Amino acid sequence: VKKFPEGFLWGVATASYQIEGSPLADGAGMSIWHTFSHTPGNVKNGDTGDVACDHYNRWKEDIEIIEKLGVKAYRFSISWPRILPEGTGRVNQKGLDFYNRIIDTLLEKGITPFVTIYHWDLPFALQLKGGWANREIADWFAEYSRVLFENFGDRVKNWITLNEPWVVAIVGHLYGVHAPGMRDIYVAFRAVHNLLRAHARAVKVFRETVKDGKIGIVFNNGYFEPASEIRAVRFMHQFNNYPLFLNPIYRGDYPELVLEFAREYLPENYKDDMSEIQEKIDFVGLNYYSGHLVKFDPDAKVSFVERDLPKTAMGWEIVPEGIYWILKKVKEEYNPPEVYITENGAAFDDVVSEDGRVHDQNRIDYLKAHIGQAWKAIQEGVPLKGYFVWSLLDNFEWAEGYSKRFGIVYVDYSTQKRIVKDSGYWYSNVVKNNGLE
């Protein structure tokens, strides 16, 4: 058997815009994902978050699912524009009430809330003022965070400032594939820098307001392997994985190969902000899904190489040893005091069988493999305190819309019916037993 430490936090994870629907209910402001997805051509099939999983109405049912599965922690995010419709200034009590009910319910049922302050749904009103490109977002984000800490910090004790700031900056502002949909490398690296300053201001305010909580930050990571016998792999790790942010946080500067590629794109006096950026954090969250074969390519000087490996419906190569590697590597490089896997999961082409069940053996296999490797990392000293499946529910998968299903619970969008998939029942057994067998 592979049993985990006493008190290990088994969780499931979601995000506000992906599950809630009702983006403009109860005085909420528009977010950039509202305006981006209502822009023709941005999202597959013209899909939007208007209805999504209707979690905005079905939240109690969904939490009852969490309880019934015996899952111990729920990672969810707060929609900034529900709380502050213009991004700063006015506070919307109805937005606060929505998350208060979720929080109180989880607590009553013995489930631990992990709150992501920002999972990509910036208020539109702030995007009009430049969003992440504007240095003033360090102030806006701090004010927003302060509101959350004051309203919920009595009950919520585990906080995440940002989900995947690399995606926010580069996919949102260089690739143009995510909101706000821009393609400017100088904007993208100012967003990188402002994301750090906003993260650090929010941590600073947390210490002033929530004397008992813990706060961290979440990064996306790939497992990069070199196509032959390498510096391309070094670059991809430092740019795409946690070092882009952790080197500022822990060491007070950007990683070396990031500066080689990107110094001209960062503000001229960016080092002036570094001492503030070093604000102490309590934990690192690592999201992990996939591995990549990578080669130097003269025509950022890196390309991916396709491998005959099992892939998910995203076309993402299934490489379980990556989650062990990234956990080892984070301890080796920065030694944070606590680590969580804040997302791990897979998209498969799920179908409800004639028996009324979703036989997602492919997802069970994927989860089991990765859980096994995280177990390994714990045996060799990585302080992993928890593991979160992405996702509780099939949901709006950003620019893929509803076409990608990541849930351990199937959602029939025509009726909003939830069907627990075999993987969800499987996971529940894992949580009950506190590990694999």
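Counting begins at 1, following the sequence as shown.
A.B. asks: Can you say how many deposited residues have no coordinates in the span between residue 229 and residue 230, choosing none, 1 to 3, 4 to 9, or 10 or more?
C.D. replies: Unresolved stretch here: 4 to 9 residues.
A.B. asks: Does the entry skip any residues of the deposited sequence between residue 308 and residue 309, and if so, is it 1 to 3, 4 to 9, or 10 or more, or none at all?
C.D. replies: The entry leaves nothing out here.
A.B. asks: Of 392-400 and 407-415, which one has the bigger average CA B-factor?
C.D. replies: Result of the comparison: 407-415.
A.B. asks: Taking only the CA atoms, which stretch has the higher mean B-factor in the record, 118-126 or 148-156?
C.D. replies: For C-alpha atoms only, the mean B-factor is higher in 148-156.
A.B. asks: Which is it among 31, 48, 373, 42: the one with the largest CA B-factor in the entry?
C.D. replies: Among 31, 48, 373, 42, the highest C-alpha B-factor in the entry belongs to 373.
A.B. asks: Using the entry's values, work out which of 86, 343, 184, 332 has the largest Cα B factor.
C.D. replies: Within the set 86, 343, 184, 332, 332 shows the top C-alpha B-factor.
A.B. asks: Looking at the temperature factor on the CA atom of residue 222, which third of the chain's modelled residues does it land in?
C.D. replies: Middle third, going by the recorded CA B-factors of the chain.
A.B. asks: Taking the C-alpha B-factors as the PDB entry records them, is residue 272 in the lowest, middle or highest third of its chain?
C.D. replies: According to the entry, residue 272 has a C-alpha B-factor in the chain's middle third.
A.B. asks: Taking the C-alpha B-factors as the PDB entry records them, is residue 166 in the lowest, middle or highest third of its chain?
C.D. replies: Residue 166: CA B-factor falls in the lowest third of its chain.
A.B. asks: Considering only modelled residues of the same chain, in which third does the CA B-factor of residue 320 rank: lowest, middle or highest?
C.D. replies: Ranked within chain, residue 320 CA B lands in the highest tercile.
A.B. asks: Going by the entry, which third of its chain does the Cα temperature factor of residue 82 land in?
C.D. replies: Its C-alpha B-factor, which the entry lists for residue 82, ranks in the lowest third among residues of this chain.
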